[PDB]
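First comes the structure, then the notes that go with it.
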Amino acid sequence: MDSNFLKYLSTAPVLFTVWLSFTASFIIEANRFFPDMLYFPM
Amino acid sequence: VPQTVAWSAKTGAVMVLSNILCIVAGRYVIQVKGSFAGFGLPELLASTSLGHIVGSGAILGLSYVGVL
Amino acid sequence: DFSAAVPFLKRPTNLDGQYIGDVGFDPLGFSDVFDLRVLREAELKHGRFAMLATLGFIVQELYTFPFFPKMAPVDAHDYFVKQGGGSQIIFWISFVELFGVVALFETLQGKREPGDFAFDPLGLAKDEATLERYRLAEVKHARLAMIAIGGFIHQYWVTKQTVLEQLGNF
Amino acid sequence: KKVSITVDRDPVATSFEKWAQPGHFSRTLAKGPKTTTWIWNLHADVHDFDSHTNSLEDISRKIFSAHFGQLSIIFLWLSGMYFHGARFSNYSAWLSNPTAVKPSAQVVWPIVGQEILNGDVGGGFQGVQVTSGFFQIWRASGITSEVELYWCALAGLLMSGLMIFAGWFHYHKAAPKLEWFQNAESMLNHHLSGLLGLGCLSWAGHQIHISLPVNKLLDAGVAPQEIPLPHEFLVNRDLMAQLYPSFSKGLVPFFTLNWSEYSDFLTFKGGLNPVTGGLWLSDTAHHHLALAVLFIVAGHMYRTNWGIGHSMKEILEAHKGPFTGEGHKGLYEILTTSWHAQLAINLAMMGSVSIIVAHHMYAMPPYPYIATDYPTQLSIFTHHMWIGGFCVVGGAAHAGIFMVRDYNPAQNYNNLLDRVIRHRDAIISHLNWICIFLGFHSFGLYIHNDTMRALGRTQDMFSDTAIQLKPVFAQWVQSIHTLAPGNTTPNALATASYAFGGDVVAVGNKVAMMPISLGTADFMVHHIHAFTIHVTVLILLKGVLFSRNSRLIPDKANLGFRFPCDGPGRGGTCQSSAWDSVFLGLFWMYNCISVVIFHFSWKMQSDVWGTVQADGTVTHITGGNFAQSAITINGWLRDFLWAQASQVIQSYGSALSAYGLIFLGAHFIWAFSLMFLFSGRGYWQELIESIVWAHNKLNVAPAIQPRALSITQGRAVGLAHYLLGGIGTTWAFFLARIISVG
Amino acid sequence: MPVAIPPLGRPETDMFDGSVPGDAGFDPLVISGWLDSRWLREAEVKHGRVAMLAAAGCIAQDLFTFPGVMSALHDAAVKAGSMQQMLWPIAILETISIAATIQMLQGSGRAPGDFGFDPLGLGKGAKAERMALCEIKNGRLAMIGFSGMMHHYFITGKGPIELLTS
Ligand code: CLA
Ligand code: CLA
Ligand code: CLA
Ligand code: CLA
Ligand SMILES: CC1=C(C#C/C(C)=C/C=C\C(C)=C\C=C\C=C(C)\C=C\C=C(/C)C#CC2=C(C)C[C@@H](O)CC2(C)C)C(C)(C)C[C@H](O)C1
Ligand SMILES: CC1=C(C#C/C(C)=C/C=C/C(C)=C/C=C/C=C(C)/C=C/C=C(C)/C=C/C2=C(C)CCCC2(C)C)C(C)(C)C[C@H](O)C1
Ligand SMILES: CC1=C(C/C=C(\C)CCC[C@H](C)CCC[C@H](C)CCCC(C)C)C(=O)c2ccccc2C1=O
Ligand code: SF4
C-alpha cells in the first residue's frame, strides 16, 4: 500500500468519520441485539 | 388546424425561389467570406439553409392564408 | 510501427511485447490510460476463473457428487445461494482475494509479475523456455475460455440444454 | 484554424502525495497549522482557484474538471433515485391506482422504534412517503416496470463513472489550453444547437415514439403489464398507427411540409388532460420539437472557422448611444477573461429560471397525476423557489467578487460599467427611497388592518367588504388569457392554464386546477413580494457597486472582497465588504422566499385545492379563509401559522413524527444560530483563554492553538445555521401539513 | 492532369495533387477544400466497396439462393433475426475501423481504404495503383448501378437482371 495514501487515510477528517461511524455501528448493533435498555439489570 | 398542402410544383417553385433569393442576399450581406468570386461551400450551405427556412415559413404561411 | 495482429492499426506504445501473448491488440487504448500490470492481473484472474468454469460445466454435468441433488449448473447457482455452499465458496474466494490484494500491491511496487502467484507444486516448468511457452498457452486458454464460458451460459439460457446434449442434436 | 483544439498532455501527475499534504494549493496554508483558524481557512478557500494562482489556464482546467466531478455526483444521485424506485418502492401499485396510493421510495430499518416511519402508504406497502415527483416523471416517460427502473439506474451509474473518468482525463492526462476555453462563439453554437437543440429533438423523439402510446394506453385503462414494450412501438408501425393514424403516412408529410397531417400526435390543445390532470403529452411533444428547431436555428448565429456568423464583440461595440458613452464596449473581454462575471450572470439566470419553473409547474401541471398529488406540488414549488433565491444571491456575490478582483479601470473607461459606478449614489438613493415607499405602503396596510380590526372598525380596513384595493391589472390579464382561446390564439382549444379562469379540472374527486381569483389580499401580498425583492436588490446592488471604494473607505478594493471591517474608526466600519452585503442579502432572500411560499401554501389550500362533491361544489382544505384573514398579520398568525401547524405538533406516535422531530430540531438550530449572529469574537477568545488555562493546568493544552472563529466565519456560521433552521422548520411544517390534509 | 470540366478548371486543394488514385479533376463544389482529404477518400472507398457487394448481391441472389428458405428481404430477415446476426460482426469490424480512421486522421502511415489485406498477393508491386484506379472506378460504377436496381425495384417489385430478361 502507498504510504501517501495511508498518510491521507490518517488525516483528522477521515479518521474522525471512520471512528465515529465505528462507534455508531457499535451503539446500533448493541441496541439491535439488546434493545430497550433503560436501566442496568441488577 | 391550419391547412397544409401536399407536395406539388407550386411548393417546389416557392422553395426554389426562396433558396435563390437567399443565395443572392447572402452574396450581398455576408461580411466575412465577378459577383460570385469567393463563393464557397459554407456560404452556399448557409444560404440554402436559410432558403429552406424561409421557404418552409413562406409555404406554411401561404397554405395558412389560402394562396397555397 | 503497426500492430502485429491488426496490420492497419498502429502499435500501442505501451504494448512493446514484454507481456507474453502480446500481438499489439488494443484499439480502444486501455493501455494508454490504465496501468498494464493491473490489466494483466485482471486478464489472468478473469481467464483462470473462466477456465475453471468451463471445466466445471463439463465435469459437473458429466458427474455429480452423491451428497448433492442433481440439477443444471445455472440452477445450481440459485440452489446453492439458499443451501449455503455458495456462501462458503464466496467466503473462501474472498479470503484468498485478500492476499490477492496484497499480491496486487506487490505487483504495483514492481516486486511481482502480474500473474505470478509462485504456484507450481508439480514442478511442470523446469527451465525458462518452458515457462514462456506455458505462459503463452495459459494466456491463450484464458482468453479462449473467457469466450467459451459466456458461450456456454448464454446458449443454455436460450436452448435450456447443456453443452454435451447440444452437441448430440443441433 | 482560429477555433481549434489545443491540449497539453500529462500536465499534472496522478499521485497521492498532495492528498497527504492538506493546504498544498495555497502557499499561506502549505506551511501547516499553528492555530485552529488554519483548519477553517483550509476548508474556506479551497475551491477559490483564482486566489491560489494567477494563471487563467490552470484555473480554467480546474473549473472544467470540477464541473465533471459535479456531473458525476449528479449522475450518481439520479442513479440512486432510479434504483431506490426500482427496489424500495410501491411504483407498480401506484401505476395501478394513482389516485389512492401514496408514492413512497424510502424504507427504514427497524432499530430504535424508527420503523414507525414506515407508514401505510397504500398498495400493500410500508415506507416513507416521497414528494420529489419521480413517480409522475416515470409514468410520463412510459416506464411501466421496475426492470426499466433498474436499467435506468445502471445507465445513471455508468454515466457517473464516465463523468468522473472524464474529469480525471481532462485534468490529469489531457488538459485543454486557455485558447480552447476562450471560444465563446463556438461554445454558444455547440451548446445551443447540440446540447439544447439536439436534446429537445431527441426527447421529442422519445415522447412521440414511446411516451405518447404508452400514456395513451394507460389513460384508456389498460393495465401496465398488458401494455406493449417500447421497442414494439418502435418496430410495429401498425400498432403505432392504431393509436395515431398519421403514422401510417410515415415521414413523407415531414419532408414535404405537409405538417398538418401530424395534427393527431402534435397538437395545440392546451388546458389539461381530464383523465390525469396533467398537460397533454402531444402538446409537450410539439413544444419540445418546436424548441428543438428554434434552438438549432439559434445555434448557427455566432462566427466560427468559416466566414459566416456574428461576432459578439462587434455586436456589443455597435450598441452604444448618447446616454451611455462607449456603450457595451469592453464587456466581451470581461466575459472571456473573468470566470466570476460568467458565474454571476449564469447564477442569476439559473435562479430566475428556477423561480419561473416553480410558478409555471404549479400552474400548468406537466406530469400525469401530479396535480392532485398536493405534497409533490407544494414540495417542488417550495424547493425550486429556494434554489432560485439562493442562485440569484450567488450571482450577486460572484458579481461582487468580479468587481473587487477582476475589474480593471484601464480597460473600462467610460463604458456602461464605469458609468454605473459613476452614478451608484443616484442608483442606491433612488432604490432606497422606493424600498421605503414599498415598505410603508405595503406593510403599513397590514398594520393598518390589524389596528382597524382590533379597534372594532371593520369598515375602515383594506378588504373586499371595506375600502377596496382591487388588483385590476392582474384581473384584466386573467380575463385576456381566459378569452385567448379562439381569439388571440385561434388554434388553441383551451387556455394555457385554468388558473386564469375557466372550468374546474378535477381528477379522482380532487381539484387538479381551478381559477385562482385575485382580491385585496392578493394585491397586498404581491406588493409585499415587490417590496422584499426590491430590498434584496438594494442590499446586493449596494454591496456590488460599493465593493471597490466608497466615501467611507476609499481603498476598499485593497482590503478585498471578504474582510470583516476597517476598524472601529470613522465611527465604525463593521460589515463594510461586499461579502457582508451578500451575508445580509441572504437573510432578506430568506424573508422574501418565506413569504412567497407561505402565500402559495395558503392560497392553494384556501382557494384551489380541495375535494369535489355532488352538485359540483368544491370544498377547499381551509374553506376559503384567505380572502378575509390574509389581510391582517393576526390572520396569518392564527389561520395559517397556528391552524396549519396542528399536524406537525400532533405527529408524535405516527409515521409523520420525523417531521415533528425535524420541526423541533430546526427551531433549535435556528436559535443556536443567534449565538453566532448576536455575539462577537473577543468574548469567545477570552473564554477560550480561560479554557486553555484549564487544559494547561492538566498539561493537555493542544499544539494547534485554539482560537475563536474569525469575524467573517462567525457571520457565516450564524447565517448557515439560521438558514438551515428556518428552511428546515418550514420544510417540516409544510410536509407534515400537506401529507396529512392533502 | 485530367480537367473534368474545362471552364471551372482543377481545384487547388490537398487532393488533386495527382498522387490520389482516381482523380478526374472533378470537384465543382470543392468539398475537398473544406473536409479532410483522407476522410473523404475513406468514405468513397467504403461506399464503393459496400455498393460493389450490394450490386453483386442483387445479381447473385436473383440468380441463386443458398439452400433453406430486396427491401422485402431486409424486412423478412429482420423478422427472422438474420440482419441482427449480420449487423454484429459488421459492427465489430466498424469499431476497429473507427479506431483506424481516428489514427489515420491523427497522422499514422495508413493510406485511406488500405486495410493491409492482400492474401493472394495480386496487389504487391506495380499493379495495385492501377488496381486502385480499377477499384475506385468500379466503386463509382457500383454506386450508380445499385442505385438503379433499388429504385427500379421501387417501380416494379422486381430484380434488375430479372427485369432485363423479362
Ligand atoms: C409568404 C410569406 C409568409 C406569410 C404569408 C406568413 C404568414 C404567417 N406566418 Mg409566417 N413566416 C414566414 C413567411 C410568411 N408567413 C417566414 C419567411 C418565416 C421564417 C421561417 C416565418 C415564420 C413563422 C413562424 C415561426 C410562425 C409564423 C406564423 C404565421 C402566421 C401568423 C399568425 C398571426 O397572426 O401571428 C400571430 C401574431 C401575434 C401578434 C402573436 C405574437 C407572437 C409572440 C407570442 C410574441 C413574441 C414577441 C415578443 C413579445 C417580443 C416583442 C417585444 C419587443 C419590444 C422586443 C401567418 C399565417 C405563426 C404560425 O404559423 O402560427 C400558426 C408562427 O408561429 N411564421
Ligand atoms: C454538441 C456538443 C456539445 C455538447 C453536447 C456539450 C455539452 C455540455 N457541455 Mg460543452 N463544449 C462544447 C460542445 C458541447 N458541449 C464545445 C465545442 C466546447 C468548446 C468551446 C465546450 C466547452 C465546454 C466547457 C468549458 C464546459 C462545457 C460544459 C458542458 C455541460 C454543461 C452542463 C450540463 O447541462 O450537463 C448536463 C447535460 C448532459 C447532456 C449530460 C450528459 C453529458 C455527456 C458528456 C453528453 C454527451 C452526449 C454525446 C455527445 C452524444 C451521446 C448521446 C447519445 C447519442 C448516446 C454539457 C454536458 C460544462 C461542464 O459541465 O463540463 C463538464 C463546462 O464547464 N462545455
Ligand atoms: C454554481 C455555483 C457556485 C460556484 C461554482 C461557486 C464558486 C465559488 N464561490 Mg460561490 N456562491 C454560490 C454559488 C457558487 N459559488 C451561491 C449560490 C452563493 C450564495 C449562497 C454563493 C456565495 C458565495 C460567497 C459569499 C463566497 C463564494 C465564494 C466562492 C469561491 C470559493 C468557494 C469555496 O472555496 O467554498 C468551499 C466550500 C465550502 C466551504 C463548503 C460550504 C458548505 C456549506 C456552507 C454548508 C452546506 C450545508 C448543507 C447543504 C446542508 C447541511 C445540513 C446538515 C448538516 C443537517 C468559488 C469561486 C467565496 C470566495 O471567496 O469567492 C472568491 C465567498 O466568499 N460564493
Ligand atoms: C420585523 C423586523 C424588521 C423591520 C420592521 C425592519 C425594517 C426595515 N429594514 Mg430591516 N432587517 C431586519 C428586520 C427588520 N427590518 C433584520 C432581522 C435584518 C437582519 C439581516 C435586517 C436587515 C436590513 C437591511 C440590510 C436593510 C434593511 C432595511 C429596512 C428598511 C426597509 C424600508 C421599509 O420597509 O420602510 C418602511 C418601514 C417599515 C416597514 C418599518 C415599520 C413601520 C410601519 C409601517 C409602521 C410605522 C408607524 C409609525 C412610524 C408610528 C409612529 C409612532 C411614533 C410614536 C413614533 C426598514 C427600516 C433596508 C433599508 O434600510 O433600506 C431601505 C436595508 O437595506 N434591513
Ligand atoms: C483485397 C483483395 C481481394 C479482394 C476482393 C474482392 C472482394 C473482390 C471484389 C470484386 C468486385 C466486387 C468487383 C466489381 C464489381 C462491380 C459491380 C457489381 C458494379 C456494378 C454492376 C452493375 C452496374 C451491374 C449490372 C447489371 C447486370 C449485369 C444485370 C442486371 O442487374 C442489370 C445491370 C445492367 C444493372 C482478394 C481476397 C481476392 C485478394 C487480392 O489479392 C486482393
Ligand atoms: C446473471 C447470472 C449468471 C450469469 C452469467 C454470466 C457469467 C453470463 C455471461 C458472461 C460472459 C463473460 C459473457 C460473454 C463472453 C464472451 C464473449 C461475448 C466473447 C466474444 C468474443 C468475440 C466476439 C471475439 C472476437 C474476435 C475474434 C473473432 C478474433 C480476433 C479478435 C476479436 C475481434 C476480439 C449466473 C448463472 C452465473 C448466476 C445467476 O444465477 C444469474
Ligand atoms: C460560539 C461562538 C464561537 C465559539 C465557536 C468555537 C470556537 C468553534 C467550535 C468548533 C468545534 C471545535 C468543531 C465542531 C464541534 C463538534 C460539535 C464537537 C467537537 C469535535 C472535536 C473533535 C473538534 C466563536 O468563535 C464566535 C466567533 C465570532 C462570533 C461568534 C462566535 C460564537 O458565537
Ligand atoms: S466590532 Fe469587530 S467588525 Fe466591528 S470594527 Fe470592531 S473588530 Fe471590526
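Scope of the values below: all heavy atoms of this structure, side chains included, with no hydrogens, waters or symmetry mates. Numbered from 1 within each chain, the chains take letters A, B, ... in sequence-line order.
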Exercise: identify the closest heavy-atom pair between [X] and [Y]:
X	Y	value
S260(D)	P2(B)	CB-O, 3.4 Å
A46(B)	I308(D)	CB-CD1, 3.7 Å
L257(D)	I59(B)	CD1-CD1, 3.7 Å

Within 6.0 Å of [atom1] in [X], more than 12 heavy atoms from elsewhere:
X	atom1	result
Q31(B)	CD	no
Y332(D)	OH	yes
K10(B)	NZ	no
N183(D)	CG	yes

Quiz item: Which distance, rounded to the nearest 0.5 Å, do you find between the CH2 of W306(D) and the CD1 of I30(B)?
Solution: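 Spacing of CH2 (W306(D)) from CD1 (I30(B)) equals 14.5 Å.
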
Quiz item: NE2/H300(D) to CG/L50(B) distance, rounded to the nearest 0.5 angstrom?
Solution: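 Spacing of NE2 (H300(D)) from CG (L50(B)) equals 12.0 Å.
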
Quiz prompt | Contacting region of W259(D) [heavy-atom separation from chain B under 4.5 Å] | solution =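 Answer is both: backbone and side chain atoms of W259(D) are under 4.5 Å from chain B.
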
Self-check item: Contact origin within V297(D) toward chain B - heavy atom pairs under 4.5 Å
Solution: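 Side chain only.
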
Quiz prompt | Region of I53(B) in contact with chain D, defined by heavy-atom distances below 4.5 Å | solution =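 When you check distances to chain D, only side chain atoms of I53(B) fall under 4.5 Å.
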
